[PDB]
Amino acid sequence: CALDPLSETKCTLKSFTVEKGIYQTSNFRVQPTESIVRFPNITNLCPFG
Amino acid sequence: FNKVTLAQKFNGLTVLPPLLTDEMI
Amino acid sequence: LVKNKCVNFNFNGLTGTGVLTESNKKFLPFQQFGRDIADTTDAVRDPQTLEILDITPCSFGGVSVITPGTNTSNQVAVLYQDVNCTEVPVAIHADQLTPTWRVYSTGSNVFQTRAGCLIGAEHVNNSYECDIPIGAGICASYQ
Amino acid sequence: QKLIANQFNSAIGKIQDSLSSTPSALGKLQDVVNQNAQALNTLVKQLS
Amino acid sequence: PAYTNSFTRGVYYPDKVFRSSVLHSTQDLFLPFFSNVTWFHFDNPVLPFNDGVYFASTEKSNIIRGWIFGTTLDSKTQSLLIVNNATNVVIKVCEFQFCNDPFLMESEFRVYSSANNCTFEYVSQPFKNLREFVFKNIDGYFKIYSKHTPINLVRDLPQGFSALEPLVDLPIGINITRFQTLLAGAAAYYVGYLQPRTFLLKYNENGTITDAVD
Ligand SMILES: *[C@@H]1O[C@H](CO)[C@@H](O)[C@H](O)[C@H]1NC(C)=O
Ligand SMILES: *[C@@H]1O[C@H](CO)[C@@H](O)[C@H](O)[C@H]1NC(C)=O
Ligand SMILES: *[C@@H]1O[C@H](CO)[C@@H](O)[C@H](O)[C@H]1NC(C)=O
Ligand SMILES: *[C@@H]1O[C@H](CO)[C@@H](O)[C@H](O)[C@H]1NC(C)=O
């Protein structure tokens, strides 16, 4: 069921043979890469000097 | 065509284009 | 920071995934971020550089397989629906997928149409009566 | 023949002005567009 | 006497969300259109807060500055003190000895001397002066809205529309139930009251509220 696109079509159609046409098999989605957690600059500091 | 005028795509909702483009009609 | 890449962010508790492209809309000094109809986050100002970055959804869509049959031939073509696939195979991580899918998921024959992109079928300059309707005036056949 | 041709030409000419100057002549299609848009907008609003 | 009605005055920005060319329907504390506003011609009694207060005045010269706000006039709640002199505004919230004959060489500092034990003096410094301050103080946050607009003649309350962008936010942590403003030749200032209402606002392409209807 996860070897070839034609195998995916055969799985979806629940049959060993398929007819000429266009079949919607599955869906794809791009996954996130990294995390870009960002916060603003610190304008307040304790007077340690 | 000027008198009648008509987008977003979120949350797994898609719009499929028609087979016959307006030039063909 | 990353641009033109799909990434999930966190701006002062504002969580979401998307592409942080450059934008041109002008905010107001007291406004933090932006929204559109249906209450979806659209633009977020940069907390440090004071710049407005537009947010767009990450690529997604259906997959269709064009086949002329089983008794005729075992050749098929893949259509990615309403996604610009001239860039997908390199940036994304395809390590988990076996090379068996990779062979038919790339190549020198990539055709970009108005219904998505077509992989595994060549473009001819001759117009016939069409058999398999792809969309937007494009059809396919086994020749 | 000439009278009929002139009448047909005048009617064809007046058709454009009649269609363009009425803001509700083409309301049988905008109704469909608005109905579909409202349905899709209502579906998304249910996510909140 | 001399009561005045407001020509769609006292519309602020409910939130910091930026919208363009949309019609948003909101539900918040607003001042109703064509409502009664109490005009004072000198006499400055104590006025209750009652879930928000509006304030519009004509200030040619700095005369009315002290927005001293109390809570209960008892020995439990701390009365905040927003004294704004021209050099630098100071927002200090801590109780002081009330004068038996209250009042207020320009600034006299005889009001109090026991500034001790009142910590977190968090001075959050951020005809033209139509000082349209909305003093919304709800949910522990003191929000101050303002706008400076000119008029042709100082005769009555103008027409048109004017959005009220936020200017100051304060995490005071207390509430105000009765506020009385003390002065420093008639000073015309108006006092309105806020109640929950539904509004429909319109945003132009720039992002500024252009019109609204009750
Ligand atoms: C996909 O995006 C690239 C980068 O902007 C662009 O050059 C290309 O034409 C796009 N393909 C289509 C038509 O989807
Ligand atoms: C014929 O096909 C080629 C390759 O797809 C294309 O570049 C060309 O524009 C088409 N027609 C001609 C000969 O101009
Ligand atoms: C204010 O109240 C007076 C007294 O009832 C009334 O005559 C006047 O029309 C009111 N004006 C407004 C709505 O401010
Ligand atoms: C008032 O003005 C003086 C000017 O020297 C300034 O130092 C002070 O902080 C201001 N605030 C008050 C009310 O004292």
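Note that chain C carries Swiss-Prot numbering, so the residues on display, from first to last, are 533-675.
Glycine too: its Cβ is placed from the backbone N, Cα and C atoms.
Look at Swiss-Prot and you will find C:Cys538-C:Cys590 (among others) tagged as disulfide bond, backed by experimental evidence. Residues within less than 8 Å, Cβ to Cβ, of C:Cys538 (disulfide bond) and separated from it by at least 6 positions along the same chain comprise C:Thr549, C:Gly550, C:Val551, C:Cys590, C:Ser591.
Every protein chain shown contributes to the tally, and the Cβ of C:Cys617 (disulfide bond) ends up with 21 other Cβ atoms within 10 Å. What Swiss-Prot lists as disulfide bond is C:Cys617-C:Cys649 (among others), and the listing cites experimental evidence.
The disulfide bond annotation in Swiss-Prot covers C:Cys662-C:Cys671 (among others). Listed in sequence order, the residues of the same chain lying 6 or more apart from C:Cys671 (disulfide bond) and placing their CB within less than 8 Å of its CB are C:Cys662, C:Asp663, C:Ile664, C:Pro665.
Feature annotation from Swiss-Prot assigns N-linked glycosylation site to C:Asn603 (among others). For C:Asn603 (N-linked glycosylation site), no same-chain residue that is 6 or more apart in sequence has a Cβ closer than 8 Å to its Cβ.
The N-linked glycosylation site annotation in Swiss-Prot covers C:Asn616 (among others), and the record cites experimental evidence as its basis. In this structure, C:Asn616 (N-linked glycosylation site) belongs to neither helix nor strand by DSSP; it is coil. All protein chains included, C:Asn616 (N-linked glycosylation site) registers 12 other Cβ atoms within 10 Å of its own Cβ.
Cβ contacts within 10 Å of C:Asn657 (N-linked glycosylation site), excluding its own Cβ and spanning all protein chains shown: 4. Summarising the annotation, Swiss-Prot assigns N-linked glycosylation site to C:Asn657 (among others).
Annotation source Swiss-Prot lists region 'Disordered' at C:621-640, citing a curator's inference. Broken down by DSSP into helix, strand and coil, the region 'Disordered' (C:621-640) contains 9 helix, 0 strand, 11 coil.
The local packing around C:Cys649 (disulfide bond), expressed as other Cβ atoms within 10 Å of its Cβ over all shown chains, amounts to 19.
Comparing C:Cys649 (disulfide bond) with C:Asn657 (N-linked glycosylation site), their Cα atoms are 18 Å apart once rounded. The disulfide-bonded residues considered are C:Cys590, C:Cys662; of these, C:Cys662 has the fewest other C-beta atoms within 10 angstroms of its C-beta. Reported as a whole number, the C-alpha separation between C:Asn616 (N-linked glycosylation site) and C:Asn657 (N-linked glycosylation site) equals 23 Å.
Under DSSP, C:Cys649 (disulfide bond) is assigned to a strand (E or B) in the three-state scheme.
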